[PDB]
Amino acid sequence: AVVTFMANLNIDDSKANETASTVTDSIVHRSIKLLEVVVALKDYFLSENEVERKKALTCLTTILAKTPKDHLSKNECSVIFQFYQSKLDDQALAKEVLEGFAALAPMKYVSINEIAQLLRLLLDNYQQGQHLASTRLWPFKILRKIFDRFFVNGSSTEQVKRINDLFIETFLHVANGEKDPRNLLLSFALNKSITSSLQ
């Protein structure tokens, strides 16, 4: 418990990769530290300033990404809640929760409805891609992972069909405003893949 507390105090000093490796190794080895770290960080971002909130969220997303193999299904479902109420209550920090969605996506203990709730909510309240280069850049990343993991027809379309059609408009949701080449490559590659993959 003391190790988690000192790591959470030191991350405020921006130790960068020093604390990330230690926290991820501890989580992997113990496989029970996820609840301890989330409850320890619960009051960490409770402060009014958004700086503390995003500094906690970036490391939480990093440690979630580095440990996607093992995670409780009920805990997995509980993960989404605080994130989308973080979307709803506060703004100007949703990018970190976008990398959080990208990190929690590879987890395969997701119910048929929970992934449906994710895909429905991710574009509705936020409306990603309104302005600024990165805010329109990350949505391509998150859609790339969500396509590569489960949206692709790995198991045909026995129960995924509901996402398929709507996916079209979210790809259209952030479009007609990309000028830097890397977003252009993202759009071209995803469209080329989706022409063959999608029915």
# chains A, B, ... in the order shown; residues from 1 in each chain; ligands from 1

call {"tool": "residues_around", "arguments": {"residues": "region 171-178 of chain A", "least_positions_apart": "6", "cutoff": "8 Å", "atoms": "only C-alpha atoms", "output": "tab-separated table (two decimals) with N, CA and C atoms, in the first residue's frame"}}
result
chain	number	residue	atom	x	y	z
A	127	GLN	N	-18.58	14.13	-29.59
A	127	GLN	CA	-18.46	14.64	-30.96
A	127	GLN	C	-17.01	15.01	-31.27
A	128	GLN	N	-16.15	13.99	-31.30
A	128	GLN	CA	-14.72	14.21	-31.48
A	128	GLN	C	-14.43	14.80	-32.86
A	129	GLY	N	-13.35	15.56	-32.94
A	129	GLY	CA	-12.93	16.17	-34.19
A	129	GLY	C	-13.46	17.56	-34.44
A	130	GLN	N	-13.94	18.26	-33.41
A	130	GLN	CA	-14.50	19.59	-33.61
A	130	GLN	C	-13.42	20.58	-34.04
A	136	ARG	N	-8.62	16.05	-33.40
A	136	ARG	CA	-9.12	15.36	-34.58
A	136	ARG	C	-8.18	14.25	-35.05
A	139	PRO	N	-9.02	10.51	-32.63
A	139	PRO	CA	-10.18	9.68	-33.03
A	139	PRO	C	-9.85	8.66	-34.11
A	184	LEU	N	-4.56	12.00	-43.52
A	184	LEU	CA	-4.97	11.55	-44.85
A	184	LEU	C	-4.63	10.08	-45.05

call {"tool": "select_by_dssp", "arguments": {"residues": "chain A", "states": "strand (DSSP E or B)", "output": "MDAnalysis selection string"}}
result
chainID A and resid 154:157

call {"tool": "residues_around", "arguments": {"residues": "region 195-199 of chain A", "least_positions_apart": "5", "cutoff": "8 Å", "atoms": "only C-alpha atoms", "output": "MDAnalysis selection string"}}
result
chainID A and resid 152:153 164

call {"tool": "residues_around", "arguments": {"residues": "region 89-99 of chain A", "least_positions_apart": "2", "cutoff": "7 Å", "atoms": "only C-alpha atoms", "output": "VMD selection string"}}
result
chain A and resid 54 57 to 58 61 83 85 to 87 101 to 103 135 142

call {"tool": "closest_residue", "arguments": {"among": "A:134, A:113, A:155, A:24", "to": "residue 60 (chain A)", "atoms": "only C-alpha atoms"}}
result
A:24

call {"tool": "residues_around", "arguments": {"residues": "residue 104 (chain A)", "least_positions_apart": "6", "cutoff": "10 Å", "atoms": "only C-alpha atoms", "output": "short mmCIF file (atom, residue, chain, number, x, y, z; two decimals) with C-alpha atoms, in the first residue's frame"}}
result
data_model
loop_
_atom_site.label_atom_id
_atom_site.label_comp_id
_atom_site.auth_asym_id
_atom_site.auth_seq_id
_atom_site.Cartn_x
_atom_site.Cartn_y
_atom_site.Cartn_z
CA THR A 61 -4.33 4.73 -19.21
CA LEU A 64 -4.12 -0.17 -18.24
CA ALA A 65 -2.58 -0.51 -21.71
CA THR A 67 -1.60 -4.92 -18.63
CA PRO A 68 -4.47 -6.02 -20.90
CA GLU A 76 -13.81 -4.38 -16.69
CA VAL A 79 -13.96 0.63 -15.71
CA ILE A 80 -16.16 2.29 -18.37
CA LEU A 98 -9.55 8.50 -25.66
CA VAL A 110 -16.46 -7.48 -22.73
#

call {"tool": "atom_distance", "arguments": {"atom1": "CA of residue 194 (chain A)", "atom2": "CA of residue 109 (chain A)"}}
result
24.9 Å

call {"tool": "residues_around", "arguments": {"residues": "residue 42 (chain A)", "least_positions_apart": "3", "cutoff": "12 Å", "atoms": "only C-alpha atoms", "output": "ChimeraX atom specification"}}
result
/A:8,35-39,45-47,52-53,56-57,60,82-83,86

call {"tool": "select_by_dssp", "arguments": {"residues": "region 13-89 of chain A", "states": "alpha helix (DSSP H)", "output": "ChimeraX atom specification"}}
result
/A:17-30,33-42,50-66,73-89

call {"tool": "atom_distance", "arguments": {"atom1": "CA of residue 62 (chain A)", "atom2": "CA of residue 160 (chain A)"}}
result
28.3 Å

call {"tool": "atom_distance", "arguments": {"atom1": "CA of residue 63 (chain A)", "atom2": "CA of residue 183 (chain A)"}}
result
26.8 Å

call {"tool": "closest_residue", "arguments": {"among": "A:166, A:146, A:133, A:16", "to": "residue 180 (chain A)", "atoms": "only C-alpha atoms"}}
result
A:133
